[PDB]
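Undergrad: any chance you can model this:
(8 chains, ligands or ions: 5)
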Amino acid sequence: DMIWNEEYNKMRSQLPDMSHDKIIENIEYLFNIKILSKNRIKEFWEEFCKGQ
Amino acid sequence: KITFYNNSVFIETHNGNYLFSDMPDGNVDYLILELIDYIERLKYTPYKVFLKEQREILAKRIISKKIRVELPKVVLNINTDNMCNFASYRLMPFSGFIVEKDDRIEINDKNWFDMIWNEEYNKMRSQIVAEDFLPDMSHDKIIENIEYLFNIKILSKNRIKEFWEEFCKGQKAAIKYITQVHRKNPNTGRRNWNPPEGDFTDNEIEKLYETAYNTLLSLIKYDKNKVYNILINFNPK
Amino acid sequence: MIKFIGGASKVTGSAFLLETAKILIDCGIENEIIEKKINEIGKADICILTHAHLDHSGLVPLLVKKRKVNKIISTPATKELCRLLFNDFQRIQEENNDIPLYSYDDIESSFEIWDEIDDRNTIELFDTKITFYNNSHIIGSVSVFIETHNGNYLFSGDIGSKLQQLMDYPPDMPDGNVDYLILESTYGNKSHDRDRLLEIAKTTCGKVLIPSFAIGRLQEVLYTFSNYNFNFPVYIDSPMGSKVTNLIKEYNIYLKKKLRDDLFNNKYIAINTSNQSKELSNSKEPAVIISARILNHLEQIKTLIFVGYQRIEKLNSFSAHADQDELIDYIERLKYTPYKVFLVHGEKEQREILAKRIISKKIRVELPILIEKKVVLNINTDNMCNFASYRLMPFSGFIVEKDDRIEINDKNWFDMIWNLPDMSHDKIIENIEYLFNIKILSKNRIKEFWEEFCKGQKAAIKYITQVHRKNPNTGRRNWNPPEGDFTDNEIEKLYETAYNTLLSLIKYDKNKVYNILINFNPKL
Amino acid sequence: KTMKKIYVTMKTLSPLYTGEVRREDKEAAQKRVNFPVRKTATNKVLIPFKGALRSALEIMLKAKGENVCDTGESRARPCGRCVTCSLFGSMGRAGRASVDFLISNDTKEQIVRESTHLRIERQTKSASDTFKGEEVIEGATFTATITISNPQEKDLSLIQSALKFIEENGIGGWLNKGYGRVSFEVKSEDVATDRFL
Amino acid sequence: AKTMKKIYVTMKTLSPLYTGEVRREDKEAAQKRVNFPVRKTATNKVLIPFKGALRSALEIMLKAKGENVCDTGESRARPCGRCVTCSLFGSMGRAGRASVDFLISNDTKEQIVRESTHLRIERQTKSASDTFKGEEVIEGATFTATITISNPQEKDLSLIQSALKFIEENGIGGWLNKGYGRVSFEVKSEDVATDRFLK
Amino acid sequence: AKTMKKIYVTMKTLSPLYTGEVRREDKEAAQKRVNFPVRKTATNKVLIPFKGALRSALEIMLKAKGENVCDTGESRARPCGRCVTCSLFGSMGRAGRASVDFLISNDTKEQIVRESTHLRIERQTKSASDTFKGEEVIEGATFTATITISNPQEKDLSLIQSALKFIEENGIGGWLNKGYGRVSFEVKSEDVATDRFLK
Amino acid sequence: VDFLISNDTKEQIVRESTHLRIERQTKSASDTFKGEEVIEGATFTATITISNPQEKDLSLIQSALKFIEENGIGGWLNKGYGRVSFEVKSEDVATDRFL
RNA sequence: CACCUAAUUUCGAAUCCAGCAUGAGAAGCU
Ligand SMILES: [Zn+2]
Ligand SMILES: [Zn+2]
Ligand SMILES: [Zn+2]
Ligand SMILES: [Zn+2]
Ligand SMILES: [Zn+2]
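TA: Residues are numbered from 1 along each chain as shown, chains lettered A, B, ... in the order given. Ligands and ions are numbered 1, 2, ... in the order given. Let me share the structure:
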């Protein structure tokens, strides 16, 4: 990513921090009440693979 | 058809009319080289001439004469358009990837490599799992339960095969496999079991799934020799 | 690769297929011969229309009836001029009581697949690069530059003349390499009085009736009576003329630079219903009548200045057909001389004399080789690696696009090569944000403006000018009104702010506009 | 088994308007009309019919005191246990009552017209806005067939009650302006499922 | 809600009546004979736009009282959703609780519609400069409509009757300045439960 | 054996046809514009599954008739191999004699494929609570499929035609409850030889 | 008989899709599984080399090819898969072209 | 008999599932 951004722009010249246990517990809670679903966890994973 | 003239080869093919340099009378589609007069005396003005640096200056004259001039695995572009015009050259500021196949070489962007990196990541993650490499019933009861679920095709030879593979990977991998297989789906209401054959209702089917779960749970606590002698009788391979 | 179905023999016919992806050009009328021509065309992917004269535009809805065209493409001005022409052509076929070729449902279904695009804007569709340029026949006239993989075709469709007042006298040009050219010979033998119209109109005013074609000629005569001073009024009958005149006014940005308030002045007074045409027939006050419903005006009159093709007069100086010379000037205005010049569209004698004069120009002429656009790598590919059963190499260079060769060149090649209102980006962003909060620029406005900007720059200019145009009859912009305690002066100032901001945005490229408008319209 | 066929014949009492839904049929028609009526490609008028029946039955069964799910709220989930869940579908099952589209018996050149509506200022009584809309004429006949797969003794009664609520409220769009008041005629029959053999 | 309000309104015309035909094909057919065709159904019955007249009437009187009501008569004016006319006849998000029906004529157009003519007369020499043929409705023509209020409040029928009385004074339809549209209303109101067609 | 039955069906669409896109990458390319893409080929023509519709129609009717037919619709259900639809459409030990082709449109995409807008409305408010965009096939679009019955019997064409009329009655694919997919069929069948290609 | 080698690779012609198994009474998707398939219009190349040829070998091979057009190649042939169109280029060679 | 108008705004998402079952053999030359 760093090398690609660096040379791709050099050729163009003409967060919150909550605990891991609370993360797992809150995703479990929102998964049980269906705010977070398997489509959302997959789509968010796809956008996470595309970067931060 | 190859004629001659004053040194001129005039090879006619089915594709194009080459002239390697008196002048001919037909179409000279490609000409290979005061000469301007030799160009101007020649009927059906050539498509593209094939012309030490004085050449380039001559080519500029050939450029001014309104005549194209060239100065001496299939490759495909999967690129964008963007474009630019710098120093009389239509350009594109792009960095990418040269992919070499048996017949084609293609030029792909970083998005395709991110596609390939996501696939390779998802491939690597599903190789190493956990610690690769309980209830209890008697041995004979395990025999008659596996015979009964074999006859009604709940425990099939493929299920016994994946059970033996997950048992060779260790205790916890097999525990994960049976808890995945017996997992009742909360939004669907089915588990990953072969349904039994026979005129059954939901209660005895759920009970038979429960004894399948308990039989394959209690077989895990036994050693590998007893499990092998228990499952060869049903799955000989 | 190219088939001359319609335009090969006659003058009124045109059907040019280019089977690269099949691309059709200019399918038009001139019943079973038409059906045989359509069956010979077959299933075409893109149907391209140069200009809106049925001659080159008539047989497009019939193709939609037989389900042979996937996408229709053509300039906006000739898209609505084609509508207009289809609807009359239809009522001409219903009044004459002869079986039609297509219905009004075919007209409506022909316009769902029609994607207009303006000049000098290139699509990369079906592995062709299609570009449009102007050739001055009418307002929506385009010559099609098709950049294929096996050649570069230029279909010039009815090039205009130097005796034109609404269109640019030099027709536009492809700026690259042209391989095959498709020309016309409608006036390929006849060579060469705009002040004579003024002189006879002066010495005549009994009112003078002067007929013409409803498309093209009537607006040129309207201009020639408009630019100079004429005290006696000029009048429009034949309600195709008034409707094409209004289309000329709305599509003003598709004309000369000198013509970009009104265009034809307020000198003309059109006649709407037939009863005013009857009263004008019975009238004796001197005037100029430019019709195209001529008999009501004519039976009283019977100068009758007769402009067209056919004190009865004939002025052969208002013809948009291209003379021999300017065809030769069009050919000599190409960067490279074309390999083959196909001379469709004319009678036999004009085709023979233009064939003789381009043979005398030492260019090959057909009277209805291999070009390989190759991609050169020019990169050391010996340093290659295997990751996912792919022999990839991380690459850093430049896609150089010269003619016949899209060579990929490295960074050392670049080392050897090295030896309209305008507001800023923060002002544009804060203006679009403020007019988005007060709901002047909405999401539908931004989406329609992005469609009109993908059409082209002048299409977006026309769209924003119509949205900002105050009506002298109602005082309504067609903008969206603000929200709050805003007085009328401030509302007019924010309307002008929206007009200037969107024009500035039209000045920008096609990418930074996209990078601006997803912050307000995620879809477009 | 048996299947229930309810052939409904709809006569249009006031003007009717269901807007077009296809993007390529609206954006090609905005140069001619502002509200095109919903159409087929065979030039016949389409009206969505299952949603009107479902909305009707959920309103009356909710106000009667029976438990019904509300699929009107955004991203709602059907309960799977109520009467409208059994009739018109739920999440995990499907609708027993498959409800066809309301196909017009005539083309558009017979029963579709192009009207001009206004918007008038209150202080000065002047036509402030003008728009054009395609409406379906009065007395246009539409036909549809409701096919119920596993019929009960109370599906036809609920369908007829939903139809009467539709004649009282209206079908399609612009309902508060008076558009879409209709009249329904029902022909009910009980076919066998093996009747095509 | 469990209840809805039905207002059966009945219009009897004391003045002549005119509302122009909206449909372009029917206007083009009628323009050979009549320059000002009345609005007609396909069943030869007279259509009158009711909603928009009640909304405008309540807008003028609730603005003149001083309540915080919006004006939907201006160009592309959006109803705010926070007044009683927004709750009654609709807003952008929330629809109208009062579904207001068209005024259906009880009689055919062959019995209640007459073609008439009017003149534009020059004022100095007192002759008919222009003669043009319009089309109007006779006196005493009966127009029945049904207003259905879905979530009825206490002051709904009072606002509807106030707008109806304003429509009686100020006219309904077109040509209200020269004397067309002065009418009289009869109101029959009832409360019915929504589940009146169940079982 | 010596002969095989050829059943060419030509099906025209009467109410709009949806059949959902199956390909995950084609879906993920199309969900940026259309929430419900239609099933499509790589040559831009519409694919419809046909074998399952005919099979399900025959199991439903032959179960309602009382004939011995297994169901292959329940979860992981296996065919017995002794039914009448088990012979036509296959079982675990034997393949189906009737190879049923996909329903492929005679026209292409961007000519019969039209992208449209669908709604979900609040019942108490009457507002568009949700909105999605789905890709349909227009009415009058013509699809062509072939059924090759390898070992023909006397009742195969009657069973295939009966299943076709059930597909006319129920719909072929997609949102069949809402009224989508109502089609009609034209059947042309012939008993061709198996050795016709052996010239 | 050679194998049918494709011209393109798996990212161009192979696409993973969703197949179903629907209950006949409740009309709900009881099962679901993902399967790869090769797209339509994807081209494949093969070479059939007949040593000691006869006069009727090519007619037999071409008749078998038109039968494969009629039935299908590969799997899932009853559901509509595998219908193909074949182009044939034949030629006589001698075995000593390499010599 | 005329004449003005024929526009504009919001939404365009969400969810379930992705499993089983069968067969792993035999011949000739050698
Ligand atoms: Zn022209
Ligand atoms: Zn022409
Ligand atoms: Zn429910
Ligand atoms: Zn309000
Ligand atoms: Zn069976």
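
Undergrad: residue D:132 bridge partners, please.
TA: Residues in a beta bridge with residue D:132, per DSSP bridges, are residue D:116.

Undergrad: how close does it get to residue B:237?
TA: Distance of residue D:132 to residue B:237, computed by CB to CB, to the nearest Å: 76 Å. C-betas here are computed from N, CA, C, even on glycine.

Undergrad: what do you get for residue B:137?
TA: For residue B:137, the distance to residue B:237 - CB to CB - is 26 Å.

Undergrad: same check on residue B:113?
TA: For residue B:113, the distance to residue B:237 (CB to CB) stands at 42 Å.

Undergrad: those two: who's more crowded?
TA: Of the pair residue B:113 and residue B:237, residue B:113 is the one with more neighbours under other CB atoms under 10 Å in any protein chain shown, namely 19 against 7.

Undergrad: so the spatially closest residue to the more buried one that is not a sequence neighbour is in which element?
TA: The spatially closest residue to residue B:113, leaving aside those adjacent along the chain, is residue B:97, at 5.7 Å (CB to CB, 6 or more residues apart in numbering or on different chains). If you go by DSSP states H and E, residue B:97 is part of strand B:95-100.

Undergrad: packing partners of that strand?
TA: Counting contacts by 3 or more CB pairs under 8 Å, 6 or more residues apart in numbering or on different chains; DSSP states H and E, strand B:95-100 is packed against helix A:2-10, strand B:104-108, helix B:110-125, strand C:391-392, strand C:394-396.

Undergrad: ok, now with 10 Å
TA: helix A:2-10, strand B:74-77, strand B:104-108, helix B:110-125, strand C:391-392, strand C:394-396 (3 or more CB pairs under 10 Å, 6 or more residues apart in numbering or on different chains; DSSP states H and E).

Undergrad: so which of the ones you listed comes closest to RNA strand H?
TA: In terms of CB to the nearest atom of the strand, the element of the helices and strands packed on strand B:95-100 nearest to RNA strand H is helix B:110-125, at 14.0 Å.

Undergrad: compute the inter-axis angle for the closest one and strand B:95-100.
TA: 60 degrees (axes from the mean of the first three to the mean of the last three CA atoms, to 10 degrees).

Undergrad: just want the angle from helix B:110-125 to strand B:104-108.
TA: In terms of direction (the same axes, to 10 degrees), helix B:110-125 departs from strand B:104-108 by 100 degrees.

Undergrad: okay, buried residues for helix B:110-125 please.
TA: B:110, B:112, B:113, B:116 (16 or more other CB atoms under 10 Å in any protein chain shown).

Undergrad: then stretch B:127-140?
TA: Across stretch B:127-140, burial judged by 16+ other CB under 10 Å covers no residue at all.

Undergrad: which residues touch stretch B:124-140?
TA: By CB atoms under 10 Å, 6 or more residues apart in numbering or on different chains, the residues outside stretch B:124-140 that reach it are B:142, B:145, B:166, B:168-173, B:175-176, B:211, B:213-222, B:226, B:229-230.

Undergrad: tell me the buried residues within those.
TA: Buried by 16+ other CB under 10 Å: B:142, B:145, B:166, B:169, B:173, B:175, B:213-220, B:222, B:230, out of those.

Undergrad: tell me the residues on chain B that lie near chain A, please.
TA: Near chain A, the residues belonging to chain B are B:82, B:84, B:86-87, B:91-96, B:110-111, B:113-115, B:117-118, B:121-122, B:186-187 when assessed by CB under 10 Å from any CB of the partner chain.

Undergrad: give me the most central residue, chain D.
TA: Nearest to the geometric centre of chain D sits residue D:49, at 3.3 Å (CA atoms, centre = their mean).

Undergrad: so that one touches residue D:100, yeah?
TA: Yes. Using CB atoms under 10 Å as the test, residue D:49 is close enough to residue D:100 to be in contact (6.8 Å).

Undergrad: report the separation between the residue of chain D positioned farthest from its centre and residue F:144.
TA: Most distant from the centre of chain D: residue D:124, at 38.4 Å, with distances by CA atoms, centre = their mean. Distance, residue D:124 to residue F:144, by CB to CB: 63 Å.

Undergrad: give me the residue from chain A nearest ligand 3.
TA: Nearest to ligand 3, among the residues of chain A, is residue A:34, at 16.7 Å (CB to the ion).

Undergrad: so who does the residue farthest from the centre of chain D touch?
TA: Contact analysis of residue D:124 by CB under 10 Å, 6+ apart lists residue E:73.

Undergrad: quick one: it and ligand 5, what's the gap?
TA: Residue D:124 is 78 Å from ligand 5, where distance means CB to the ion, to the nearest Å.

Undergrad: off-centre distance for stretch B:194-213?
TA: Distance, stretch centre to chain centre, for stretch B:194-213: 42 Å (CA atoms, centre = their mean, to the nearest Å).

Undergrad: hmm, it in reach of chain G?
TA: No. Stretch B:194-213 lies out of reach of chain G by CB under 10 Å from any CB, never closer than 10.6 Å.

Undergrad: near RNA strand H, which residues of chain D are found?
TA: Listed as neighbours of RNA strand H in chain D under the rule CB under 7 Å from any atom of the strand: D:23, D:30-31, D:34-35, D:75, D:91, D:116, D:118-119, D:127, D:129-132.

Undergrad: what strand or helix carries residue D:61?
TA: Assigned by DSSP H and E, residue D:61 falls within helix D:50-63.

Undergrad: tilt between that helix and strand E:3-13?
TA: 120 degrees.

Undergrad: format the CA atom coordinates belonging to helix D:50-63 as PDB.
TA: What follows is helix D:50-63, C-alpha atoms only, in PDB (Å, rounded to 0.1, in the frame of the first residue of the first chain):
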ATOM      1  CA  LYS D  50     -50.900  -7.900  -3.900                       C
ATOM      2  CA  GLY D  51     -49.600  -4.900  -1.900                       C
ATOM      3  CA  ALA D  52     -53.000  -3.200  -1.900                       C
ATOM      4  CA  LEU D  53     -54.700  -6.400  -0.600                       C
ATOM      5  CA  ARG D  54     -52.000  -6.800   2.000                       C
ATOM      6  CA  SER D  55     -52.200  -3.200   3.200                       C
ATOM      7  CA  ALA D  56     -56.000  -3.400   3.300                       C
ATOM      8  CA  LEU D  57     -55.900  -6.600   5.300                       C
ATOM      9  CA  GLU D  58     -53.200  -5.400   7.700                       C
ATOM     10  CA  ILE D  59     -55.200  -2.200   8.500                       C
ATOM     11  CA  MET D  60     -58.500  -4.000   9.200                       C
ATOM     12  CA  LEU D  61     -57.000  -7.000  11.000                       C
ATOM     13  CA  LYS D  62     -54.800  -4.700  13.100                       C
ATOM     14  CA  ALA D  63     -57.800  -2.500  14.100                       C
END
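
Undergrad: in terms of secondary structure, what does that helix contact?
TA: The contact analysis (3+ CB pairs under 10 Å, 6+ apart) places helix D:50-63 against helix D:83-88, strand D:97-99, strand D:141-148, helix D:155-169, strand E:3-13, strand F:113-121.

Undergrad: around chain C, pick out the residues from chain A.
TA: So chain A meets chain C at A:3, A:4, A:7, A:8, A:10, A:11, A:14 (CB under 10 Å from any CB).

Undergrad: give me the buried entries from those.
TA: Buried subset of the residues of chain A next to chain C (neighbour count, 16+ other CB under 10 Å): residue A:11.

Undergrad: okay, the residues of chain A next to chain C in TSV with distance to ligand 5 next?
TA: As requested, the residues of chain A next to chain C are exported to TSV (distance: CB to the ion, whole Å):
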residue	distance to ligand 5
A:3	61
A:4	58
A:7	64
A:8	61
A:10	68
A:11	65
A:14	72
